[PDB]
């Protein structure tokens, strides 16, 4: 479960960029282990809510709005990994898949603090 799709599409597109890879639905599908039309369907919804724009080369252009939570998820995701890895002391082989869920329920306030206490 993605806990939240939209956010995992935004986060993924962001990572894809960090990697110098071109964000193409083909990757989001690959990366999220989803069907091609599912991806197309959702990116369509996201495009409608002005979170992303599908370029003329199919590449996915994040709108400034989309880019923002794109970052926030990335931000909380990292924080969760630390919080999990540092203080809670859970197994590192499991810190990601856990933060992968928390990133979608962590609030800005808990974020704002976690950085203060981490």
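Residue numbers count along the first chain shown, from 1.
Visitor: Mean CA B-factor: is it higher for 3-11 or for 107-115?
Guide: Higher mean C-alpha B-factor in the PDB entry: 107-115.
Visitor: Tell me which stretch, 94-102 or 19-27, has the higher mean Cα B-factor listed in the entry.
Guide: Result of the comparison: 94-102.
Visitor: Hey, out of 44, 72, 60, 80, whose CA B-factor is highest in the deposited coordinates?
Guide: If I rank 44, 72, 60, 80 by C-alpha B-factor, first place goes to 80.
Visitor: Between 84, 32, 39, 53, let me know which has the highest C-alpha B-factor in the entry?
Guide: Of 84, 32, 39, 53, 84 has the highest C-alpha B-factor.
Visitor: Going by what the PDB entry lists, where does residue 76 fall on CA B-factor within its chain: lowest, middle or highest third?
Guide: Tercile = middle for this residue's CA B-factor.
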